[PDB]
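Structure first, then comments.
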Amino acid sequence: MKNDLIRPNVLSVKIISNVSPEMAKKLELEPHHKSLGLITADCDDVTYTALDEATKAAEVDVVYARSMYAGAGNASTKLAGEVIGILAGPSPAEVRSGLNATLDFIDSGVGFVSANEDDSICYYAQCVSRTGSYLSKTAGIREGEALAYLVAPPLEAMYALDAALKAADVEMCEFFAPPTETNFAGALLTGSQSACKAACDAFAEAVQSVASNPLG
Amino acid sequence: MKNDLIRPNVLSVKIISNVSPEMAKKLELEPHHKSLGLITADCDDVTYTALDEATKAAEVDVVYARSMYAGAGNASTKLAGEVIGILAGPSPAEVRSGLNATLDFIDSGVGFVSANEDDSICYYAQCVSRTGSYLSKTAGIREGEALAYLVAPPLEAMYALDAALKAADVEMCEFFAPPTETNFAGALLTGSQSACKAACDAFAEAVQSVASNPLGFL
Amino acid sequence: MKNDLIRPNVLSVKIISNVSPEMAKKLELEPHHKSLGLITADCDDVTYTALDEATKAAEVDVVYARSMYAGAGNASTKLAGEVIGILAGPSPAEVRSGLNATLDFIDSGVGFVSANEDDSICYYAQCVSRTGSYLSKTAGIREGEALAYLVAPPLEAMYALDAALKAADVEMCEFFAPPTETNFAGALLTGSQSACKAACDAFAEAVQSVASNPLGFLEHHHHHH
Ligand code: NA
Numbered sequence: 001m002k003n004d005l006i007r008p009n010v011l012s013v014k015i016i017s018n019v020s021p022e023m024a025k026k027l028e029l030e031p032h033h034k035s036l037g038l039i040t041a042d043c044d045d046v047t048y049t050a051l052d053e054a055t056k057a058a059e060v061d062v063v064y065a066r067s068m069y070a071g072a073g074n075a076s077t078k079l080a081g082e083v084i085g086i087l088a089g090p091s092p093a094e095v096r097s098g099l100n101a102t103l104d105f106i107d108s109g110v111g112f113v114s115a116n117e118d119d120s121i122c123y124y125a126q127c128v129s130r131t132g133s134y135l136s137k138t139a140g141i142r143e144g145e146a147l148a149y150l151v152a153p154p155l156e157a158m159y160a161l162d163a164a165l166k167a168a169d170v171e172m173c174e175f176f177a178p179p180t181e182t183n184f185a186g187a188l189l190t191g192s193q194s195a196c197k198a199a200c201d202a203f204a205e206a207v208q209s210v211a212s213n214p215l216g
Numbered sequence: 001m002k003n004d005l006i007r008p009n010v011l012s013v014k015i016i017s018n019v020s021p022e023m024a025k026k027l028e029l030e031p032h033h034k035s036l037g038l039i040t041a042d043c044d045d046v047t048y049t050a051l052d053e054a055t056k057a058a059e060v061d062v063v064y065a066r067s068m069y070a071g072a073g074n075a076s077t078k079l080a081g082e083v084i085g086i087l088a089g090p091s092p093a094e095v096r097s098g099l100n101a102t103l104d105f106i107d108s109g110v111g112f113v114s115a116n117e118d119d120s121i122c123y124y125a126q127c128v129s130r131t132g133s134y135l136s137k138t139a140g141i142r143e144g145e146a147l148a149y150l151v152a153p154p155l156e157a158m159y160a161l162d163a164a165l166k167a168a169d170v171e172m173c174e175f176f177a178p179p180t181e182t183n184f185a186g187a188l189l190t191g192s193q194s195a196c197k198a199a200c201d202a203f204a205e206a207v208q209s210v211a212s213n214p215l216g217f218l
Numbered sequence: 001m002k003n004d005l006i007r008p009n010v011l012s013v014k015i016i017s018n019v020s021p022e023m024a025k026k027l028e029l030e031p032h033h034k035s036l037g038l039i040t041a042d043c044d045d046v047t048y049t050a051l052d053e054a055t056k057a058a059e060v061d062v063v064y065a066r067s068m069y070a071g072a073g074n075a076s077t078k079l080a081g082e083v084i085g086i087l088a089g090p091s092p093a094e095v096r097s098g099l100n101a102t103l104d105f106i107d108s109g110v111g112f113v114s115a116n117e118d119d120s121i122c123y124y125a126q127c128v129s130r131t132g133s134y135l136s137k138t139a140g141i142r143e144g145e146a147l148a149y150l151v152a153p154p155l156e157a158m159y160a161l162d163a164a165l166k167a168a169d170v171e172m173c174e175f176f177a178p179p180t181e182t183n184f185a186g187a188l189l190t191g192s193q194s195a196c197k198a199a200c201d202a203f204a205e206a207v208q209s210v211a212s213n214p215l216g217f218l219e220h221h222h223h224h225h
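Chains as they are written, first to last, in the deposited numbering: chain A, 1 to 216; chain B, 1 to 218; chain C, 1 to 225.
Next comes the structure, spelled out in structure tokens:
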């Protein structure tokens, strides 16, 4: 139902210790990246936000993170979900700490929100008060700055992004041009904390508006 | 049933009246693009043809047009369908006109055609007599030239494209290499309107022959 | 159930006897490529392996080979499956011979293997003892050299690739970064035949290990959160 939180779920977690040189090469790891933390989940944007949080909570970098084509509901296997993330660190301890922070964030109450009665339209409007090393790299903004992470289905996202950009003094840093692998769209916007918040609120309101009147 | 038209459906339409400068930047709009028209639908190629038709009826440009992975039947949300299109124009009135032309075309009787009994194989064989500014650009030909717009599932499309190219005096302008986002394939072919129609007819016949005999290669 | 072979199926096969120049150009064919063989199936990596077998059996090259987004289970049409392959040769006879070998290989008993009770996790751990021209070119090795062709879902594949690389004297030739179109991942590894077999064995064991315990981390390391 409308305004319900869609609960995100982690599906698998594993660790690689003393990563093989052949794999380190293909993943373009740094010399000091000895251990990898692997995670899959059924919600990509929540997991991306969680991985970024992990770079704050632990001595890890996000070295790989990709979404699956057509989304979790179309997964052909049990553990694929719609996202794979890989953290890299100097030791299993740091990688485990990163994965724990990732899990904590995923389970913290964050998630996509339903915009209609049968949850067939959903959106993500998450304000990140200070970016870690992953989302700042991705957005092309300074580490530690705030951002609004805004995602919705393609038309809703374009309409609502326009509403968000007019609601506050924010800049569009990275555009998730539709379709993402999961057939969504969105952007990372940056500005002051209060501006980003204002953008998240306007975005959510605008998605709900389209959902209530798709053909008007 | 074979030869049945598969009706295309529009799912969502909205107008942005005064696009924000930030959005205008990431969409790489031109300064004269003040208003956007957004549309999604459950059939990508019909929509692309419709959008191109809109550029003939109004002063709008197709500034964005993309298909969704795995097609409308696999959409995870209500309004995603399998295509999003964005028209840009100088005013909301002009964008509204372009959207109305787009909608009219989508509901004009064009569409994919079934090749078999349960409609599990379908194809698009549409002759565009006079391209607008969108398809001409993507095909790399002058505006106002004719196209055969040919789409089918991957093998059917490769086989039928060969038949189309042999049936008529046409050239391949743009190859939709399998898979497109929707797991189809095909091409835009150009030539005279009559040659394009002949290519459409041959493509159609060839897709149907594969559907009736999918494993036969001897 | 676990260790069950997943049977691959061919969906469509055709020959273009005399390819048009317009198509030859877009496919970037060689002048001597006069005929095309087309095939679709519901399992991409088995079909790729089969196409490579074709190049050992007849005068054909693999000139096109691509997987479908989100895999065969999400196909929206009857013949799309999850793969299209195109062979090119100098004549219809050679293409027919190539397609024949392709079909035979697909129906030989090769296939993905299930890792759990409901076959919701599967993998491919195929030792190609003698590569044809397609896989050897893909891997950047000489024809006839051995390959381990390893594929599994994304996390399983990353974990199991690391296991495979450590279990034998092999080199990573090609990495299929997750997601491939079908939302899998894997690699082609090369080495001696025995080394490739060891890699295949280690890969299979590692995937089954993840399948049986995908979230062991929670109890071991995530307690008191
Ligand atoms: Na599906």
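Beta carbons are placed, not taken as given, at the ideal position from N, Cα and C, and that holds for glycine.
Closer than 6 Å: residue i CB and nearest the ligand NA heavy atom
i: B:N74; result: yes
Whole-number beta carbon distance between residue j and residue i, since they are thought to touch under 8 Å
i: residue 250 of chain C; j: C:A152; result: Residue coverage of chain C in this structure runs from 1 to 225, which leaves residue 250 of chain C outside it and unanswerable.
i: B:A167; j: B:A198; result: 5 Å
i: A:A88; j: A:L38; result: Going by Cβ atoms, the distance from A:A88 to A:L38 rounds to 10 Å, so no, they are not a contact pair.
i: C:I106; j: C:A24; result: C:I106 to C:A24, Cβ: 27 Å. No contact.
i: B:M68; j: C:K26; result: Incorrect: roughly 25 Å between the Cβ atoms, too far for contact.
i: B:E94; j: B:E145; result: The pair is not a contact, with the Cβ atoms about 25 Å apart (cut-off 8 Å).
i: B:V10; j: B:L103; result: 6 Å
i: B:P92; j: B:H32; result: Rounded, the Cβ-Cβ distance is 14 Å, inconsistent with contact.
i: C:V46; j: B:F217; result: About 19 Å; that fails the 8 Å criterion.
i: C:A65; j: A:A70; result: Actually they do not touch by this definition, with Cβ atoms about 21 Å apart.
i: B:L29; j: B:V63; result: 6 Å
i: C:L135; j: C:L150; result: Wrong, their Cβ atoms sit about 13 Å apart, outside the cutoff.
Residue i - DSSP class collapsed to helix/strand/coil
i: C:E174; result: strand
i: C:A152; result: strand
i: C:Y159; result: helix
i: A:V63; result: strand
i: C:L218; result: helix
i: C:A198; result: helix
i: B:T182; result: coil
i: A:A168; result: coil
i: A:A146; result: strand
i: A:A70; result: coil
Quick test of the definition: if touching needs 3 or more C-beta pairs under 8 Å, does the region 103 to 115 of chain A touch the region 76 to 84 of chain A? With a cut-off of 8 Å, the region 76 to 84 of chain A and the region 103 to 115 of chain A do not count as touching, because too few Cβ pairs lie within range.
Would you list, in sequence order, the uninterrupted beta strand (DSSP E) runs of no fewer than 3 residues that lie entirely inside the region 11 to 57 of chain C? As far as the region 11 to 57 of chain C is concerned, its whole beta strand (DSSP E) runs of at least 3 residues are 35 to 41.
Just to confirm the assignment: which complete beta strand (DSSP E) runs, minimum length 3, are found wholly within the region 74 to 134 of chain A? You should have 83 to 89, 112 to 114, 122 to 128.
Does the region 177 to 196 of chain B come within contact of the region 134 to 146 of chain B, defined as at least 3 CB pairs closer than 8 Å? Touching, per the Cβ criterion.
Assess, as a yes-or-no matter, whether the region 3 to 14 of chain C is touched by the region 172 to 179 of chain B under the definition of 3 or more beta carbon pairs within less than 8 Å. Judged by Cβ distances under 8 Å, the region 172 to 179 of chain B makes no contact with the region 3 to 14 of chain C, as fewer than three pairs qualify.
Is the region 117 to 127 of chain A touching the region 46 to 62 of chain B in the sense that three or more CB pairs, one from each, lie closer than 8 Å? Look at the beta carbons and you see the region 46 to 62 of chain B not touching the region 117 to 127 of chain A: under three pairs across the two are nearer than 8 Å.
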